[PDB]
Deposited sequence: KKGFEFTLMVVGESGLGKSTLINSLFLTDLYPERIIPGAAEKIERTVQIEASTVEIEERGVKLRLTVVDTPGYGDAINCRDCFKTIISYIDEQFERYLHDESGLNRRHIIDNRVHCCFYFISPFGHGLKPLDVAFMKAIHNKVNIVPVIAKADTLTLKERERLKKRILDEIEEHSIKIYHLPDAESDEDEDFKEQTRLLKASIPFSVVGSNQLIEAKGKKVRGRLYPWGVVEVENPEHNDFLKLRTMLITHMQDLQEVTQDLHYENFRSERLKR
């Protein structure tokens, strides 16, 4: 009994993409597409979590090149899945990208022109979850001003984004659902380093005026992103099967 899920991370270079995924479950600049895998096996359950790191655009890599290589990768995993399906292989190993975190610079008006290009290049091929990178550069009012616009410009530009399901019908879930739905785009902070924050070493951003904690819900939206991801793996998977994969199958079998 096997379950496989693949997460991709995408966006402008230097937005802390590699740092955040290393932090999810000397850390150099990402030059090519790099996949890392976490295989959990016990009893008769075999979980496979793949994380696809991508080189960001704008520093040594021009945006058109960057999303061409990313699109190429996504279409390849569709290709592979189709081939395994094209003969019967009723039990396949699934490499499709079921979720893509789009990292947005905190320094922008909302989505910069190149971001809109990128997102629209891939929004029909993958579930996009937009995140505000390096949120420790942002005041709470600044976070909120940015969050609104990103959402506004996503609508303005007809950018297709993964939306959460809700209500199967329950109470504790009713809150967590509306909360997570409201806190999008998540403003996140990542850290590769641990700092003595009184009695236990927590990650992890040491400034002379204070310390930023990755896993403090009041500092940033990391745990919210992480729990959103865990608890919605199944929906994200079905949608890429029913909507994104079908549109691939649409064109290639034609």
Deposited residues absent from the coordinates (by C-alpha): 1, 27-41, 104, 186-187, 274
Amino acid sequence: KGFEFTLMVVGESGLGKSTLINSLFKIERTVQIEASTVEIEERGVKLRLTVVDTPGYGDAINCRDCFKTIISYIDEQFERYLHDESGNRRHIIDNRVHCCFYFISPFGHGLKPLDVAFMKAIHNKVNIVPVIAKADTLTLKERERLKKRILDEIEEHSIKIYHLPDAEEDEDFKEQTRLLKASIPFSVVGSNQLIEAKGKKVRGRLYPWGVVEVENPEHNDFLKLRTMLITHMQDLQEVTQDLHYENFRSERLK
From here on, numbers count along this sequence of modelled residues.
Between 137-145 and 179-187, name whichever shows the higher mean Cα B factor according to the PDB entry. 179-187
As stated in the PDB record, which stretch has the larger average Cα B-factor, 201-209 or 48-56? 201-209
For 120, 174, 109, 125, the deposited C-alpha B-factor is largest at 174
Scanning 154, 129, 104, 167 for peak Cα temperature factor in the entry gives 167
Is the Cα B-factor recorded for residue 84 in the lowest, middle or highest third of its chain? middle
By the recorded C-alpha temperature factor, relative to the other modelled residues in its chain, which third is residue 9 in? lowest
Chain thirds by Cα B factor, record data; residue 15 belongs to the lowest
Where the record places residue 195 (Cα B-factor, split into thirds across the chain): highest
Place residue 92 in the lowest, middle or highest third of its chain's C-alpha B-factors, as listed in the PDB entry. highest
